[PDB]
Amino acid sequence: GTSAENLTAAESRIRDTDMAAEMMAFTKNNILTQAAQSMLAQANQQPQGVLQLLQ
Amino acid sequence: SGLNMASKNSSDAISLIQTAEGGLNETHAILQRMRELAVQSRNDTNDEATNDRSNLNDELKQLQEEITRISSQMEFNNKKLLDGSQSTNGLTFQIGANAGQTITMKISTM
Amino acid sequence: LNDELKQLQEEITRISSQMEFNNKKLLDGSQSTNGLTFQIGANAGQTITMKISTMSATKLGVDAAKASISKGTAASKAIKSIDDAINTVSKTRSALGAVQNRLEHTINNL
Amino acid sequence: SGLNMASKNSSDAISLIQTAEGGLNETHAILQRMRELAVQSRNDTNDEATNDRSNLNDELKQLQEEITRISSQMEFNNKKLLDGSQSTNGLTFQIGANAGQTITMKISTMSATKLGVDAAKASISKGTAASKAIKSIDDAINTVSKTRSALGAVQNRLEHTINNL
Amino acid sequence: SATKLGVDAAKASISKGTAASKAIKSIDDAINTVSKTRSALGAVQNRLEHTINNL
Amino acid sequence: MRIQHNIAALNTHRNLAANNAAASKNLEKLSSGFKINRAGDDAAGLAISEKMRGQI
């Protein structure tokens with residue numbers, strides 16, 4: 001029983017994930033995704049030099 | 001990256017050490033039982049003729065087989081610990097990002 | 001982990017000898033002999049020479065012949081070897097970025 | 001155009017490799033179950049007379065049919081992977097615009113016969129045979145872990161390749 | 001059925017004292033046989049679970 | 001230079017794709033409850049976990 005509990009703890013620490021750290025990373029990546037979305041929406045509007053030609 | 005991996009390695013070493021200590025707790029227990037058996041066997045109320053002490057010797061022999069079994073059937077990640085494998089050179093844990101930031105450890109035959 | 005390391009060493013060599021600009025191998029040692037010359041002026045002699053070193057695993061002492069992690073001992077040397085390689089490639093990147101920043105000012109003046 | 005198509009090809013290779021790894025995860029699982037069954041069969045509380053071990057052997061035979069089934073019924077785009085088809089020459093991925101910018105890969109046969117766990121050498125009818133079956137199952141688990149590592153390395157390489165492309 | 005397992009009334013009466021002797025053994029054999037069949041079914045169930053995961 | 005190609009948008013698209021991929025990996029790790037779902041996640045540790053599960 002003692003050995004099984006100790007090895008279970010070891011295997012948990014090796015393979016299982018901490019919820020808090022992954023939550024942090026996921027929120028960070030979502031915020032970065034939104035930022036890149038807005039930046040791309042701006043960059044698509046940036047090349048508008050049609051007022052050179054017409055008037 | 002090195003510091004985080006060293007934290008991981010230190011936790012792994014803690015797990016290994018906990019395994020060995022848990023192994024030795026039962027050694028303590030059965031040693032206490034063996035001492036109790038010897039103190040009882042030591043008295044002259046018991047007869048060798050009618051097999052009073054040979055039953056305590058049966059008990060003692062089984063506990064000696066168990067104290068040897070715990071020694072040479074304990075392992076962490078397929079690594080015998082309490083046999084004398086690590087008493088020759090020792091287990092080295094990397095507890096630092098850079099090279100040489102190590103600690104050596106040794107466990108005797110039990 | 002050695003499987004992983006060998007694949008990453010094949011990739012570090014692949015990036016070296018499969019990089020090209022206009023059918024011109026850059027990170028192999030082709031330009032380390034004489035160098036690339038850019039004409040940044042109207043008249044003759046208004047040039048700048050540049051050189052790029054070989055950035056393969058053999059040159060940086062991290063190829064599998066000297067950076068295996070089969071053992072525990074070899075990883076000790078591998079850590080230092082990898083640190084030296086990181087510093088060297090940082091140096092080369094700095095050398096490139098300096099010429100880039102120079103060429104910007106040159107374009108403004110032109 | 002070559003670099004973009006090579007990025008596409010690298011992603012396709014990643015998909016293939018993910019398929020094979022997902023195939024081998026269940027191999028791991030049923031191997032664990034088989035080891036548990038053997039360790040239980042190994043004890044002398046169980047009787048051959050009243051069919052205690054033959055039911056665990058029923059279970060074991062079904063799991064051996066499943067470990068073979070996963071091997072020779074896995075496919076990506078009508079391409080058998082875990083049979084030994086690619087162990088002869090190997091799958092070649094073009095990860096570059098020009099000619100020769102390739103990587104070769106190989107996948108071994110992962111059936112019960114190759115791993116020494118088929119019913120001809122891993123029965124648990126007796127108490128003695130379970131002794132060998134435990135070690136046989138451990139060897140098989142280690143081998144399939146090795147193969148999974150070999151696949152994941154190429155996956156991680158292809159990721160960096162895609163970034164560079 | 002009872003006929004297949006040798007426990008039908010034509011061979012497992014307990015009218016007498018002697019017939020109960022055979023009936024006990026007959027019932028034991030039947031219990032073992034139906035346990036065997038249940039094991040055979042459960043094996044296929046456990047296989048199909050892994051199959052579903054892989055699919 | 002001006003119209004036919006817009007390189008800033010290409011770079012932004014690259015970074016957006018990378019961020020989406022990382023978020024998807026994190027979602028996988030959170031739903032599964034395990035840090036190692038593939039061997040590409042971690043090779044040395046998958047084997048250790050399997051051996052430890054067998055021992056348990």
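Below, chains carry the letters A, B, ... as their sequence lines are ordered, and counting in each starts from 1.
Here salt bridge (charged side-chain N to carboxylate O under 4.0 Å, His left out) pairs that include residues 47-56 of chain D, with residues two or more places apart or in two chains, are D:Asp44-D:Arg53, D:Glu48-D:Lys126.
Counting only distance, with no hydrogens or angles, the side chain of D:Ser41 and the backbone of D:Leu37 share no donor-acceptor pair below 3.5 Å. Under the 3.5 Å distance criterion, the side-chain polar atoms of D:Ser54 are left unmatched by any main-chain donor or acceptor of D:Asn51.
Interface residue D:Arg148: backbone and side-chain heavy atoms are both found under 4.5 Å from chain F. Residue F:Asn37 touches chain D through its backbone alone, counting heavy-atom pairs closer than 4.5 Å. Using a 4.5 Å cut-off between heavy atoms, D:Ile141 touches chain F through its side chain atoms alone. Within the 4.5 angstrom heavy-atom criterion, no atom of D:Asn163 approaches chain F.
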Checklist entry - Going through the distances and angles, do D:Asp83 and D:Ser71 end up as a side chain to side chain contact (heavy atoms under 4.5 Å, CB included)? => result CA-CA 6 Å; D:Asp83 289 345; D:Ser71 157; 3.5 Å; yes

Next on the checklist: For D:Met105 and D:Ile17: C-alpha separation, side-chain torsions, deciding distance, then whether side chain to side chain contact (heavy atoms under 4.5 Å, CB included) applies.
Outcome noted: CA-CA 10 Å; D:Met105 194 161 168; D:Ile17 293 158; 3.9 Å; yes

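Highest contact tally toward chain F, considering only D:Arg35, D:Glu159, D:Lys146, D:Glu21, is held by D:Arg35 [criterion: heavy-atom pairs under 4.5 Å].
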